[PDB]
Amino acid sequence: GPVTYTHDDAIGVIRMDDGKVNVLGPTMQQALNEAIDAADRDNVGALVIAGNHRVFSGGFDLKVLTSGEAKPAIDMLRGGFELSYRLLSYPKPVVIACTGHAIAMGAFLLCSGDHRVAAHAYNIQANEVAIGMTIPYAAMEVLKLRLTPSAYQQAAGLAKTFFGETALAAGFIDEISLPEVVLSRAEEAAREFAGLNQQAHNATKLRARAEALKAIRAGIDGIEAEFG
């Protein structure tokens, strides 16, 4: 499978590896939702999402997006932004182990966790405008939730690439570690966050995100308009 799920009495860990660049297509999206389903059933104290040794995620399957029937593309875009909503509204602390580059939907997923760890050399970019695509509204709201006002303008309108210290200052990540310890740090942070009071964490995080979550929902409902 393209997703591995492991857990203990404290945390759950969901690791993406399709042997390539972790495209968020239907297979990968289904595997992720099934993994989060398990962590829901297992009632983990916190949850880690990690990529592979090559990338965090290169984003949506560009073949689906650029050719063929609109319905597969619509469903891929919807399921991807629904995952973001699911993570941004997750009742447990969510830690992202950005184990490689995070591009476009990979970057929006990166911005869907409570704490995000990457290494200095990992490029983070919403490259839509550079490849001829308009960033969907649901994606804009996720970016607006995390980036500084000025980084938001450059990331979206200019397809700007961030890495390490500039990604940290921009609000794309929360912590920098060495590449070989990105995952262990994320697991370690997840354990710390599992020690927070779960009920107060969920109530407070939803207070910090309620308006953004509603706008993300309207963006998901309006996905068809993004195709015309």
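Residue numbers here begin at 1 and follow the sequence given.
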Average Cα temperature factor in the PDB entry - higher stretch of 154 to 162, 132 to 140: 132 to 140
Check the entry's C-alpha temperature factors for 117 to 125 and 71 to 79, then say which stretch has the higher mean. 71 to 79
By its CA B factor, does residue 55 count among the lowest, middle or highest third of the modelled residues in the chain? highest
Going by what the PDB entry lists, where does residue 210 fall on CA B-factor within its chain: lowest, middle or highest third? lowest
Would you mind checking where the Cα B-factor of residue 187 ranks among the modelled residues of its chain, as the lowest, middle or highest third? middle
Just say lowest, middle or highest third for the CA B-factor of residue 177 relative to the other modelled residues in its chain. lowest
Please rank the C-alpha B-factors of the chain's modelled residues and tell me whether residue 26 sits in the lowest, middle or highest third. highest
